[PDB]
Structures are given as structure tokens and as C-alpha cells.
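In full-length UniProt numbering, the protein residues as written are 2074 to 2122.
Quick reminder that beta carbons are idealized off the backbone N, C-alpha and C, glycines included.
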DNA sequence: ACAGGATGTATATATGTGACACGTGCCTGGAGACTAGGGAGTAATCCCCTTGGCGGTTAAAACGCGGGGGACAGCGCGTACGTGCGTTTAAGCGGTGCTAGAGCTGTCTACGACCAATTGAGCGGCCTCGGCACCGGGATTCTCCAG
């Protein structure tokens, strides 16, 4: 529902959940901390610490 | 060819089992009045858990694939089992015809059952620590080509 809300307003994002693979997690991290277009980085609180 | 006797044969009638329905009597239910004890019905304790949602990590499943070696059918064929048959063996369907031996009735004890004591198993509660359970090798011993 957070993504459903962010879409209605038009906000780029790259979600992150425990179900994501560590490879995908690292790829998303590298693509977010490098690309300035993405405005949000939705993730879980108690994910990989 | 026929008129009547000399045998059959289903047909109809009075007599043998069985099983239901009835009719008496005598046990077994029913009816009643006491006296627990059992069980219901809260009211307290001690467990040790409780659930949702979610992130993480490792092995048990889950899946792919090859391939082999088994599961099936067909073929054949040779006992071998059913199918008649003629024989004969012995079940059995009624009988007679004793006797053990159930089944009972009665009698009368030893033998349980409470039962109130008495008390020592036995049960829980801790403590301890050998004994299995797992590591780590190191031999051995199967399995599988591969000749």
C-alpha cells in the first residue's frame, strides 16, 4: 500500500524486503546510491542490519 | 375292427410336523422409605504458554536427466487339472438300548469382606556422575568398472 500511495503521487522508488536476494539487495543499493533520479528507497526496518 | 378287462396316473381327501398364539403360575420388576457418597459446581492455583507479521539460514524437498533393467505382453509347450464314468465305500437316516454325567437341591462351613488400628513401602525431590553419543581418525570392505 505504501507503493500504491507513492505511485498515485508519482515518486520513483526501489523497494527492499527480506524476500529479496542478497544479490538483488546489493544491486539495488548500488543503483540507488549512484542514480539521483530515485527519490525513495522503501525498505523494512529489521532487514539486513 | 370292437367291446371289455388289466394295468397307471394325475387328482382329491384324510392324516403327520412345526410354528405361532393362548393360557396359567412364580419369579423378577416394580414400588416405597431411609442413608450415605458421589458427583456437580464454583473457587483457587500453576503452568508455561500465547499470535502476527516478518527477517534469516540451512538442509530436506523439489526438480532435471540420463538410462538401465525391470514390467509386460506374446509364443510356445507340456504338464495337469477338470470332465465323465463305472465302481464301492461309507455316510446317514432311523432305530434300539445302556449309562455317564449334567443339572439340580440342600447344607454348612471356611472364606472373603469390611474396619480400625498401625506403619513401612513407595513416591517425589534433589545430586551425582558413568554411560551412551558423537569426533577423529585409521584401517578395512564392499561396489564397479575395466580390463
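Simplified DSSP state of residue 2149, which is helix, strand or coil: No statement about residue 2149 is possible, as the shown extent of the chain runs from 2074 to 2122 and does not include it.
Neighbourhood of residue 2112 by C-beta distance below 6 Å, restricted to the same chain and skipping five residues each side: Numbered from 1 along the first chain, position 39 holds the residue referred to as residue 2112. Excluding sequence neighbours, residue 2112 sits near 2084 and 2085.
By alpha-carbon positions, which one of 2093, 2095 and 2117 ends up nearest to residue 2075? To locate residue 2075, count along the first chain from 1; it is residue 2. Of 2093, 2095 and 2117, the residue nearest in Cα terms is 2117.
Since residue 2098 is in the alpha helix (DSSP H), which residue starts that stretch and which ends it? Residue mapping note: residue 2098 aligns to position 25 of the first chain, counting from 1. Residue range 2095 to 2105 is occupied by the alpha helix (DSSP H) that includes residue 2098.
Hey, could you find the ends of the alpha helix (DSSP H) residue 2080 is sitting in? Sequence index remark: in the first chain, residue 2080 carries index 7 (1-based). 2075 to 2082 is the span of the alpha helix (DSSP H), which, as asked, contains residue 2080.
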